């Protein structure tokens, strides 16, 4: 979406809440992709910008939009430890079991990052615990290899 698309991506990365609103009204494309296929929603999800996530979604952003590595905004918020964003995306129809080019599910990424509360919310929302990445690893395997005792207990109940 030209000038507006690059400006919208800049404002979601910077967390310029009021500048995102100004650009939507001007007609900036909500799903305007960047160099890596990241929409303003992936950028807000990486950087932890909760309100921007909510304004983008209310203005019809694509909750399941996949970048070039195949990561949706749910994979990014799960990796970066943004619990409140993982809860907002889930409530707005995010794919709990979405798979990137490496076979990573959001649970794969939350387990590796050691985000205990994110793993609990992902499992609550139906994350498959038996999913295997292209390395042949489940999220339980990830926690055991990391040495994460608390997380392996949290995942063993289903796996």
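Positions refer to the first chain, counted from 1.
- For the pair 4 to 12 and 148 to 156, the mean B factor over Cα atoms is greater in 148 to 156.
- Remark: stretch with higher mean C-alpha B factor among 22 to 30 and 38 to 46 is 22 to 30.
- Residue-level inspection of the entry shows that, of 61, 113, 129, 119, 129 has the top Cα B-factor.
- Residue 101 sits in the highest third of its chain by CA B factor, as recorded in the PDB entry.
- Compared with the other modelled residues of the chain, the Cα B-factor recorded for residue 51 ranks in the lowest third.
- Sort the modelled residues of the chain by CA B factor and residue 69 lands in the highest third.
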